[PDB]
S.K.: 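Dumping the structure here so I can ask a few things about it.
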Amino acid sequence: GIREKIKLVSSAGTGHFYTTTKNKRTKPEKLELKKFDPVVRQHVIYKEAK
Amino acid sequence: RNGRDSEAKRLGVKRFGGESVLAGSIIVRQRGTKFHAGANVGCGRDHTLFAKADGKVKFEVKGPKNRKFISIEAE
Amino acid sequence: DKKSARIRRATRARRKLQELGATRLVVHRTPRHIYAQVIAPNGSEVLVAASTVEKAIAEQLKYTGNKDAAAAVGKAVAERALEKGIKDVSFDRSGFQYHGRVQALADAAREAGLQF
Amino acid sequence: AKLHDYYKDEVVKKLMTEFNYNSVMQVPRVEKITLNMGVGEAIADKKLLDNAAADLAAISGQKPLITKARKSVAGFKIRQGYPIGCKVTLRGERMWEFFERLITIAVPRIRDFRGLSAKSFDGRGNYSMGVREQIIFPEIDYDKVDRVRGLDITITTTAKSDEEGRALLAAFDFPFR
Amino acid sequence: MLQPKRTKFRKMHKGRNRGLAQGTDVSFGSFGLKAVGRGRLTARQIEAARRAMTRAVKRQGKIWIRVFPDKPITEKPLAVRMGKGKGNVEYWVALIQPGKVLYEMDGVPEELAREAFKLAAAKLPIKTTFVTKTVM
RNA sequence: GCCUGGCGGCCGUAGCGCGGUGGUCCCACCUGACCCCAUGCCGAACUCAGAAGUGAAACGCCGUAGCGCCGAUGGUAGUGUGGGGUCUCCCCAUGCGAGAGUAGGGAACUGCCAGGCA
RNA sequence: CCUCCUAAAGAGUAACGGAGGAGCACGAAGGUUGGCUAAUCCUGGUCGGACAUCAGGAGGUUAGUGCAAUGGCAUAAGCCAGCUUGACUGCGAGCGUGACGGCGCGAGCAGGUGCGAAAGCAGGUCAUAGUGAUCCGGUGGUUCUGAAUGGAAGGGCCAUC
RNA sequence: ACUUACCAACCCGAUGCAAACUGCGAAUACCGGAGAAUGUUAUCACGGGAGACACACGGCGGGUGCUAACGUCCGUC
């Protein structure tokens, strides 16, 4: 319902992104997580986008 | 007001005491841990009990609470 | 319930070691002493033991029940373990915190050459 | 401090004599002293509980623990987790220091002091008494109060019955009616 | 007219009335009316029999009712077709098996008890018999 | 042989209560708290350095059918197959046969290791 | 679509049969390490009332679980705190359930990572509802293709709306 | 605060009832292993071709209906 779809984009420039959801109303701060980037095969910071 | 039901889930003991099992075969499907896991038996995320080794299924009752355990005995 | 708390605190690690089928170096601790045993996977036979209440290591200690005593007991149990041929074991703190005398015994065993 | 070794010297001997105990450790020992306020009306404003905590810090040296409402009761408009009180637990040297600071100093300063109760022993050898004015305590200045709130002090013991609990507390010259 | 004060559910299945009665001995009083037959006992029937026997013994002795109607019985209205949901609750019954002691009685002579129980059994739909307290 | 500690087997015939009993070793409480470590306050607990005291509490052992627990035989209910009736429910032949209850039992039994005392 | 019952002690089983829910939520309400144990009542106690916090006692799960019901949960799956991103990528023996489309569980291997001294745990959450095939099309990546040749358009493959 | 011809929760003893209750619990059925005898392989897979998807009554176990119907809806023979 309220909880809207976003993508978390790699910070390695590979164009890889994960996709998730976020409640924008509560906790509006941008999401940031160490996720595995398979293009570079390293754990890298992924930042909220879209 | 009462014309509703859910698709039956086909839960239950899929493999009975003493039968031979290959590794990975589901023994019992269950809501909650009605059967607990013992030797060479793994518990799944939805509490499914499956064989972690090739063997024969064995049922037992163990522990202070008289709980039922599924074990696989290597043949 | 100072006892029952310790057993129900250790029970998860005890059980997990039982499913994994590991030879477990169980440590027991008390205000005056420290005990160590290595117990086979079946959980009903002791292969090697050690304790401050002995005479092999009791006269070389200012006071049984200090970190030096724990280190000595760890060295003794590790030495007799390697003598009897047991190398790879799993530590079982038995509900005591891995902080003080328990870790003293553990690192003594590690230095003496028990892989855990 | 003083009352510790006074207990060990005199009170142990007297209790041994007048209750014919077999072993020294049968004599009761004062375990702990718990001071508490139920703040009550401070659900609307948190500042009252902060003032109460400051009062506890003034009375007892250690800082207080804030207690939660533990459930929801529609009668008093509370819910699980709302701060509704503050408490301090006193053990050992600080317990004996507070026991001095109570029994010697605060006891003679009750308005129309008609003695003190004796039925209040919980039936198992533990005492509890409420003071109706925190200003009774010395460190609480008469000018640094925004609202008047009493408190409760509970003195526990290793006693087995109210009779020997009364004996131990009387051995410290506790007032009674 | 007896009825449960409340129930978990409003409508029970029909079920069956097989088997033999439990509670087949005069436990409270000295005399009792026992069921030889099998069937339902409606709350109206129970009230009718109770009224008859309480009139037979003009406010004297004590009377126990052992059977309580706790089963809802539904009936569909007239000019209505089959299906369209289960019918609405209309009355309550007690299933009676043979041997079930229905009423119990104390504090009266046996002749008056027999007369009162004849007047009561004239209102019930099942054959009954007179029984008396026994030891062991 | 007796006693204690650790880890198991079995999971109430093993528990809960009541009465007694033990400190040589062990265990328990216990003494102190700069430091190792910790309290959403408190050395209460966790933890460290010890050994003045007491087995008070806890713990182990022993006794006690107060409660829990276990529990026949016989009968009863139920039921597979075949047959019958007065067929909403029953009965006959044969095989299986409860639950509840009664009599009675019951104050667990046992394996490896270590220490003390014989 | 999910829970229970009818449903006749494996599965499955119908009616305009009897009763209730779902069309979400949460970057913590996930992972791991360490720790902890409820409801209710009884008694005593300042404002305190039958029911606010405190102290002890009986009690032993009559509590709790993000939301229905069932089944589970003390090693806790319930509560609290520290560090964290395994709500990872490729695969997957072998199973279960479907007419099929599909759905589900899964040890284990490779890579890289979090927590833990370590054994180890982690491929979201106590489990089971929280969903929509195909076609058309939009976005990011990918020189796979590119209608004379080099590009490019368009198309394919991967991620996603 | 006395008190009470009304009422009275808890607990204790006796007494029943339950599809959506279970501190118990069968007979049957079902799954698996081993062994004879018996049965025109009656089992499994793959391929060519179908038909059929209005069922009816009787017995037993039930929902619904009134343990009404040559009623209706399931299970099994």
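So that the names make sense, note that chain A is the first sequence line, chain B the second, and so on, each numbered from 1.
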S.K.: On RNA chain F, nearest-nucleotide positions of D/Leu65 versus D/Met25: which is more 5'?
M.R.: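 Here D/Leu65 is the residue nearer the 5' end.
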S.K.: Does a Watson-Crick or G-U wobble pair link G/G72 to G/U65, with each of the two distances under 3.5 Å?
M.R.: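 Yes, G/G72 pairs with G/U65, since both Watson-Crick or G-U wobble distances fall under 3.5 Å.
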S.K.: Distances under 3.5 Å only, N/O to N/O: pair up the protein atoms with those of nucleotides 87-91 of chain G.
M.R.:
from  : atom 1 : to      : atom 2 : distance (Å)
G/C88 : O2'    : A/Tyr18 : OH     : 2.5

S.K.: Please classify the nucleic acid contact of E/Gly23 as base, sugar-phosphate, or nothing, using heavy-atom distances under 4.0 Å.
M.R.: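 Since only primed, P, OP1 and OP2 atoms lie under 4.0 Å of E/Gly23, the category is sugar-phosphate.
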S.K.: Does D/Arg91 put a side-chain nitrogen or oxygen below 4.0 Å from OP1 or OP2 of F/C41?
M.R.: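 So the side chain of D/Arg91 is outside the cut-off, no N or O lying under 4.0 Å from OP1 or OP2 of F/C41.
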S.K.: Any chance the bases of neighbours G/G151 and G/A152 are stacked, by the 5.5 Å centre and 30° plane criterion?
M.R.: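 Yes, which means the ring centres sit under 5.5 Å apart while the planes stay under 30°.
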S.K.: Taking the side chain of E/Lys11 as its heavy atoms from C-beta onward, which of F/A51, G/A55, G/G18 lies nearest to it?
M.R.: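 For the E/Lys11 side chain, the nearest candidate turns out to be G/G18.
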S.K.: Between G/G12, H/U67, G/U46, which nucleotide has the shortest distance from any of its atoms to the side chain of B/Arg10?
M.R.: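 Selected nucleotide (nearest to the side chain): G/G12.
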S.K.: Should C/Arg8 be listed as having a side-chain N or O under 4.0 Å from OP1 or OP2 of G/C36?
M.R.: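 It does, given that an N or O in the side chain of C/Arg8 lies less than 4.0 Å from OP1 or OP2 of G/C36.
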S.K.: Please verify, for G/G102 and G/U97, whether Watson-Crick or G-U wobble pairing holds with both distances under 3.5 Å?
M.R.: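 Under the 3.5 Å cut-off on both distances, the two nucleotides are paired.
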S.K.: Can you check whether C/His28 stacks with the F/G6 base, using ring centres under 5.5 Å and planes within 30°?
M.R.: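 No, C/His28 does not stack on the base of F/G6, since the centre distance and plane angle fail the 5.5 Å and 30° test.
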S.K.: Looking at C/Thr30, I'd like to know whether one of its side-chain N or O atoms comes within less than 4.0 Å of OP1 or OP2 on F/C27.
M.R.: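 So the side chain of C/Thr30 is within the cut-off, an N or O lying under 4.0 Å from OP1 or OP2 of F/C27.
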S.K.: Just to verify, which of A/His16, A/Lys35, A/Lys7 counts as forming a side chain to side chain donor-acceptor pair (under 3.5 Å) with A/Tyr46?
M.R.: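 Among the candidates, only A/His16 passes.
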S.K.: Looking only at side-chain atoms of E/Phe9, point me to the closest of G/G10, H/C21, F/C7.
M.R.: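 Selected nucleotide (nearest to the side chain): H/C21.
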S.K.: Taking all non-hydrogen atoms of both residues into account, name the closest pair between D/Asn36 and D/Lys87 and its distance.
M.R.: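 Nearest pair, atom of D/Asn36 first, then D/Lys87: ND2-CB, 3.6 Å.
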S.K.: Has D/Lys71 got a side-chain N or O lying under 4.0 Å from the OP1 or OP2 atom of G/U40?
M.R.: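 For G/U40, OP1 or OP2 has a side-chain N or O of D/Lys71 closer than 4.0 Å.
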S.K.: Using a 4.0 Å heavy-atom cut-off across all strands, classify C/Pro31 as base, sugar-phosphate, or nothing.
M.R.: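 Here C/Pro31 touches the bases of the nucleic acid.
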S.K.: What is the separation between atom CD on C/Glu45 and atom P on F/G9, rounded to the nearest whole Å?
M.R.: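 Spelled out: CD on C/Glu45 to P on F/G9 is 13 Å.
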S.K.: Within the 4.0 Å heavy-atom criterion, would you say C/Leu20 contacts the bases, only the backbone, or no part of the nucleic acid?
M.R.: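 The residue C/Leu20 makes sugar-phosphate contact but no base contact.
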S.K.: So does C/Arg29 get a side-chain nitrogen or oxygen closer than 4.0 Å to the phosphate oxygens (OP1/OP2) of F/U47?
M.R.: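 True: C/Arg29 side-chain N/O within range (under 4.0 Å) of F/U47 OP1/OP2.
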S.K.: So, does E/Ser27 get its side chain near the phosphate of H/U15, meaning an N or O under 4.0 Å from OP1 or OP2?
M.R.: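 Answer no for this pair, as no side-chain N or O of E/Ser27 is under 4.0 Å from OP1 or OP2.
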S.K.: Please determine, for G/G30, whether a Watson-Crick or G-U wobble partner exists with both distances under 3.5 Å, and give it or none.
M.R.: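 Its partner is G/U84 (Watson-Crick or G-U wobble, both distances under 3.5 Å).
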S.K.: Compare side-chain N and O positions of C/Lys2 against OP1 and OP2 of F/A28 and report whether any pair is under 4.0 Å apart.
M.R.: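 So the side chain of C/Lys2 is outside the cut-off, no N or O lying under 4.0 Å from OP1 or OP2 of F/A28.
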S.K.: With a 4.0 Å limit, can you tell me whether D/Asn126 has a side-chain N or O closer than that to the phosphate oxygens OP1/OP2 of G/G56?
M.R.: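 Indeed not, no polar side-chain atom of D/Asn126 lies that close.
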S.K.: What interatomic distance, in whole Å, is found between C1' of G/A39 and the corresponding atom of G/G64?
M.R.: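 Nearest-Å result for G/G64 against G/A39 at atom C1': 10 Å.
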S.K.: Is there any protein nitrogen or oxygen under 3.5 Å from a nitrogen or oxygen in nucleotides 85-91 of chain F, and what are the pairs?
M.R.:
from  : atom 1 : to      : atom 2 : distance (Å)
F/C89 : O3'    : E/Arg38 : NH2    : 3.4
F/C90 : OP1    : E/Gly19 : N      : 3.0
F/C90 : OP2    : E/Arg18 : NE     : 3.4

S.K.: For RNA chain G, whose closest nucleotide is more 5', that of C/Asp1 or that of B/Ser6?
M.R.: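 Looking at the nearest nucleotide for each, B/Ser6 comes out on the 5' side.
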S.K.: Does a side-chain N or O from C/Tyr35 land closer than 4.0 Å to OP1 or OP2 of F/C27, or not?
M.R.: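 C/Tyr35 to F/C27 OP1/OP2: side-chain N or O found under 4.0 Å.
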S.K.: Using 4.0 Å as the upper bound for N to carboxylate O, is an ion pair formed by D/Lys160 and D/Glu164?
M.R.: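 No, this pair does not count.
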S.K.: What pairs of nitrogen or oxygen atoms, one from the protein and one from nucleotides 103-107 of chain G, lie under 3.5 Å apart?
M.R.:
from   : atom 1 : to      : atom 2 : distance (Å)
G/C105 : OP1    : B/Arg45 : NH1    : 2.8
G/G106 : OP1    : B/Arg45 : N      : 3.0

S.K.: Would you please classify the geometry between the B/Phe35 ring and the B/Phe59 ring as parallel, tilted or perpendicular, with 30° and 60° separating the classes?
M.R.: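 Geometry flag for B/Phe35 against B/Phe59: perpendicular rings.
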S.K.: Checking contacts here: which listed nucleotide (G/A52, F/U47, G/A55) is nearest the side-chain heavy atoms of D/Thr156?
M.R.: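 Of the options given, the side chain of D/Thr156 lies nearest G/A55.
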S.K.: Please check, using ring centres under 5.5 Å and planes under 30°, whether the bases of G/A7 and G/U6 stack on one another.
M.R.: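 Between G/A7 and G/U6 there is base stacking, as the criterion is defined here.
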S.K.: Test for a donor-acceptor pair under 3.5 Å between the base of G/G27 and the side chain of A/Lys27, counting only N and O atoms.
M.R.: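 It does not, because no donor-acceptor pair links the side chain of A/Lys27 to the base of G/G27 below 3.5 Å.
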S.K.: Please check F/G15 against F/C67: Watson-Crick or G-U wobble, both distances under 3.5 Å.
M.R.: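 F/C67 matches F/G15 under the WC/wobble rule.
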S.K.: Could you tell me if F/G20 and F/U21 satisfy the stacking criterion of six-membered ring centres under 5.5 Å apart and ring planes within an angle under 30°?
M.R.: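 F/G20/F/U21: stacking flag true.
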S.K.: Given a cut-off of 3.5 Å on both distances, is H/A27 paired to H/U4 by Watson-Crick or G-U wobble rules?
M.R.: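 H/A27/H/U4: base pair absent.
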S.K.: Would you please determine if the base of G/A117 is stacked by C/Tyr98, with stacking meaning a centroid separation under 5.5 angstrom and planes under 30 degrees?
M.R.: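 Yes; by the centre-distance and plane-angle rule, C/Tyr98 counts as stacking on G/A117.
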S.K.: What do you reckon, do E/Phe28 and the base of H/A14 stack, with centroid distance below 5.5 Å and planes below 30°?
M.R.: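 Stacking between E/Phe28 and H/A14: absent.
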S.K.: Please indicate yes or no: do G/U143 and G/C144 satisfy both the under-5.5 Å centre distance and the under-30° plane angle for their six-membered base rings?
M.R.: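 Result for this step: unstacked.
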S.K.: Examine G/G34: is either OP1 or OP2 under 4.0 Å from a nitrogen or oxygen in the side chain of C/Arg93? Give yes or no.
M.R.: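 Affirmative; the distance criterion is met.
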S.K.: Using whole Å, what does the distance between atom P of nucleotide G/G71 and atom CZ of B/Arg67 come to?
M.R.: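 Distance check: B/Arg67 CZ to G/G71 P gives 15 Å.
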S.K.: Positive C1'-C2'-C3'-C4' means north, negative means south, so call it for the sugar of F/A98.
M.R.: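 Positive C1'-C2'-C3'-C4' torsion, north pucker.
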S.K.: Taking 4.0 Å as the cut-off, does a side-chain nitrogen or oxygen of C/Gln97 come that near to OP1 or OP2 on G/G35?
M.R.: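 For C/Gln97, the contact criterion (side-chain N or O under 4.0 Å from OP1 or OP2 of G/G35) is met.
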S.K.: With a 4.0 Å limit, can you tell me whether C/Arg9 has a side-chain N or O closer than that to the phosphate oxygens OP1/OP2 of G/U75?
M.R.: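 For G/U75, OP1/OP2 do not have a side-chain N/O of C/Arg9 under 4.0 Å.
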S.K.: Specify the separation, in whole Å, of atom NZ of A/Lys5 and atom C1' of G/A25.
M.R.: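 Answer to the nearest Å: 16 Å.
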S.K.: Report the relative orientation of the aromatic rings in C/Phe91 and C/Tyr98; use parallel for angles under 30°, tilted for 30 to 60°, perpendicular for over 60°.
M.R.: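 C/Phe91 and C/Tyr98: perpendicular rings.
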S.K.: To the nearest Å, how far apart are B/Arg31 CZ and G/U3 P?
M.R.: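 Taking atom P of G/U3 as the reference, CZ of B/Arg31 is at 7 Å.
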S.K.: Would you say G/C2 has OP1 or OP2 under 4.0 Å from some side-chain N or O of B/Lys9?
M.R.: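 Answer is yes, contact under 4.0 Å.
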S.K.: Please confirm whether the shortest side-chain N or O distance from E/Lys86 to OP1 or OP2 of H/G65 is below 4.0 Å.
M.R.: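 So the side chain of E/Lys86 is within the cut-off, an N or O lying under 4.0 Å from OP1 or OP2 of H/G65.
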S.K.: Can you tell whether G/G64 is stacked with G/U65, judging only by whether their six-membered base rings have centres under 5.5 Å apart and planes under 30 degrees?
M.R.: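 Stacking test on this dinucleotide step: yes.
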